[PDB]
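Q: As input, take run.json (JSON, C-alpha atoms):
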```json
[["chain", "number", "residue", "atom", "x", "y", "z"],
["A", 1, "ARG", "CA", 26.30, -10.70, -13.29],
["A", 2, "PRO", "CA", 29.10, -12.55, -11.47],
["A", 3, "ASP", "CA", 29.47, -16.32, -11.75],
["A", 4, "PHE", "CA", 30.12, -17.02, -8.04],
["A", 5, "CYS", "CA", 26.39, -16.40, -7.48],
["A", 6, "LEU", "CA", 25.47, -18.84, -10.26],
["A", 7, "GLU", "CA", 27.21, -21.60, -8.28],
["A", 8, "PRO", "CA", 25.59, -23.28, -5.29],
["A", 9, "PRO", "CA", 26.25, -22.18, -1.71],
["A", 10, "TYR", "CA", 29.10, -23.69, 0.34],
["A", 11, "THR", "CA", 28.47, -24.49, 4.00],
["A", 12, "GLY", "CA", 32.24, -25.09, 3.97],
["A", 13, "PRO", "CA", 33.96, -26.97, 6.79],
["A", 14, "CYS", "CA", 33.21, -26.39, 10.49],
["A", 15, "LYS", "CA", 29.66, -27.01, 11.77],
["A", 16, "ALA", "CA", 28.21, -23.51, 12.25],
["A", 17, "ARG", "CA", 24.49, -23.06, 11.51],
["A", 18, "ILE", "CA", 23.78, -19.54, 10.21],
["A", 19, "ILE", "CA", 21.11, -18.62, 7.64],
["A", 20, "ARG", "CA", 23.20, -16.60, 5.16],
["A", 21, "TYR", "CA", 22.13, -15.71, 1.60],
["A", 22, "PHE", "CA", 23.39, -17.08, -1.74],
["A", 23, "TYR", "CA", 22.37, -16.62, -5.39],
["A", 24, "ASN", "CA", 20.31, -19.50, -6.84],
["A", 25, "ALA", "CA", 20.89, -19.10, -10.59],
["A", 26, "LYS", "CA", 17.81, -21.33, -10.90],
["A", 27, "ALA", "CA", 15.79, -18.86, -8.79],
["A", 28, "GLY", "CA", 17.10, -15.74, -10.60],
["A", 29, "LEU", "CA", 17.88, -14.22, -7.18],
["A", 30, "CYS", "CA", 19.18, -15.39, -3.78],
["A", 31, "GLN", "CA", 17.93, -17.84, -1.15],
["A", 32, "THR", "CA", 18.91, -18.79, 2.43],
["A", 33, "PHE", "CA", 21.44, -21.60, 2.94],
["A", 34, "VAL", "CA", 23.56, -23.10, 5.75],
["A", 35, "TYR", "CA", 26.86, -21.23, 6.26],
["A", 36, "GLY", "CA", 29.90, -22.78, 8.03],
["A", 37, "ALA", "CA", 31.28, -19.43, 9.30],
["A", 38, "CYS", "CA", 34.66, -20.41, 7.78],
["A", 39, "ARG", "CA", 36.17, -20.54, 4.26],
["A", 40, "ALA", "CA", 33.08, -18.68, 2.97],
["A", 41, "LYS", "CA", 32.85, -18.05, -0.79],
["A", 42, "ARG", "CA", 31.35, -15.10, -2.72],
["A", 43, "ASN", "CA", 27.92, -16.78, -2.73],
["A", 44, "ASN", "CA", 27.23, -16.12, 0.98],
["A", 45, "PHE", "CA", 25.68, -12.73, 1.86],
["A", 46, "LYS", "CA", 24.29, -11.79, 5.30],
["A", 47, "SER", "CA", 21.19, -10.14, 3.78],
["A", 48, "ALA", "CA", 19.13, -10.46, 0.59],
["A", 49, "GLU", "CA", 20.06, -6.83, -0.15],
["A", 50, "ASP", "CA", 23.76, -7.70, 0.16],
["A", 51, "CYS", "CA", 23.36, -10.35, -2.55],
["A", 52, "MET", "CA", 21.39, -8.05, -4.88],
["A", 53, "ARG", "CA", 23.88, -5.16, -4.62],
["A", 54, "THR", "CA", 26.38, -7.79, -5.81],
["A", 55, "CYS", "CA", 24.57, -10.27, -8.10],
["A", 56, "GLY", "CA", 21.47, -8.11, -8.64],
["A", 57, "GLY", "CA", 21.99, -8.16, -12.43],
["A", 58, "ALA", "CA", 18.90, -10.21, -13.39]]
```
Would you mind writing the file's structure down as structure tokens?
A:
Amino acid sequence: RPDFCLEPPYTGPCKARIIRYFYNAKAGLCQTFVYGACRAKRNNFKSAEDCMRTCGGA
């Protein structure tokens, strides 16, 4: 699987408050986290199925 999902999420700058999805290498899958709506990384999917299709190699 990719390594950007093994890293923690990144609310990034700004102050948005959306519940996006990221891969918790410690959870083996993804979890919800706070997104900043800007400068998003690869560990920020809009749905749990969007994360799996990407980092669903566990």
Q: For atom CA of residue A:28 and atom CA of residue A:15, determine how far apart the two atoms are, in Å to one decimal place.
A: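 Pair atom CA of residue A:28 / atom CA of residue A:15 returns 28.0 Å.
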Q: Could you pull the residues within 7 Å of residue A:30, counting all atoms listed in the file, minus those fewer than 5 positions along the same chain, as number ranges by chain?
A: A: 21-24, 48, 51
Q: Skipping near chain neighbours, those fewer than 4 positions away, what residues fall within 12 Å of residue A:44 using only C-alpha atoms, listed as a ChimeraX atom specification?
A: /A:4-12,18-24,30-40,48-52,54-55
Q: Padding 5 Å on every side, please: axis-aligned box over the listed atoms of stretch 18-27 of chain A, centre and edge lengths to one decimal in Å, as AutoDock Vina command-line options.
A:
```
--center_x 19.8 --center_y -18.5 --center_z -0.3 --size_x 18.0 --size_y 15.6 --size_z 31.1
```
Q: Report, in Å with one decimal, the straight-line distance from atom CA of residue A:13 to atom CA of residue A:25.
A: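 So the answer is 23.1 Å.
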Q: Just stretch 26-37 of chain A from the block, N, CA and C atoms, as an mmCIF file, in the first residue's frame, could you?
A:
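Output contents, as saved in out.cif:
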```cif
data_model
loop_
_atom_site.group_PDB
_atom_site.id
_atom_site.type_symbol
_atom_site.label_atom_id
_atom_site.label_comp_id
_atom_site.auth_asym_id
_atom_site.auth_seq_id
_atom_site.Cartn_x
_atom_site.Cartn_y
_atom_site.Cartn_z
ATOM 1 N N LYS A 26 -2.111 2.618 12.209
ATOM 2 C CA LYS A 26 -2.301 1.883 13.491
ATOM 3 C C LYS A 26 -3.669 1.195 13.496
ATOM 4 N N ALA A 27 -4.596 1.694 12.722
ATOM 5 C CA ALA A 27 -5.949 1.068 12.679
ATOM 6 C C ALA A 27 -6.028 0.035 11.548
ATOM 7 N N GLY A 28 -5.112 0.083 10.617
ATOM 8 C CA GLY A 28 -5.141 -0.897 9.490
ATOM 9 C C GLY A 28 -6.110 -0.410 8.410
ATOM 10 N N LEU A 29 -6.813 0.657 8.669
ATOM 11 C CA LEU A 29 -7.771 1.186 7.666
ATOM 12 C C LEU A 29 -7.806 2.712 7.757
ATOM 13 N N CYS A 30 -8.951 3.303 7.574
ATOM 14 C CA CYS A 30 -9.031 4.791 7.647
ATOM 15 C C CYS A 30 -9.940 5.252 8.787
ATOM 16 N N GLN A 31 -9.819 6.498 9.151
ATOM 17 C CA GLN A 31 -10.668 7.062 10.237
ATOM 18 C C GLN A 31 -11.014 8.512 9.890
ATOM 19 N N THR A 32 -11.957 9.099 10.567
ATOM 20 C CA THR A 32 -12.320 10.508 10.243
ATOM 21 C C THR A 32 -11.369 11.481 10.938
ATOM 22 N N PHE A 33 -11.056 12.566 10.287
ATOM 23 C CA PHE A 33 -10.143 13.573 10.899
ATOM 24 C C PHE A 33 -10.567 14.982 10.467
ATOM 25 N N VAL A 34 -9.981 15.998 11.039
ATOM 26 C CA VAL A 34 -10.376 17.386 10.661
ATOM 27 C C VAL A 34 -9.598 17.857 9.429
ATOM 28 N N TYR A 35 -10.299 18.230 8.393
ATOM 29 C CA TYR A 35 -9.625 18.702 7.148
ATOM 30 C C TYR A 35 -9.629 20.239 7.101
ATOM 31 N N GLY A 36 -8.629 20.834 6.500
ATOM 32 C CA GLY A 36 -8.573 22.327 6.446
ATOM 33 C C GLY A 36 -9.129 22.840 5.114
ATOM 34 N N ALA A 37 -9.485 21.958 4.215
ATOM 35 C CA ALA A 37 -10.038 22.407 2.898
ATOM 36 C C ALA A 37 -8.937 23.009 2.014
#
```
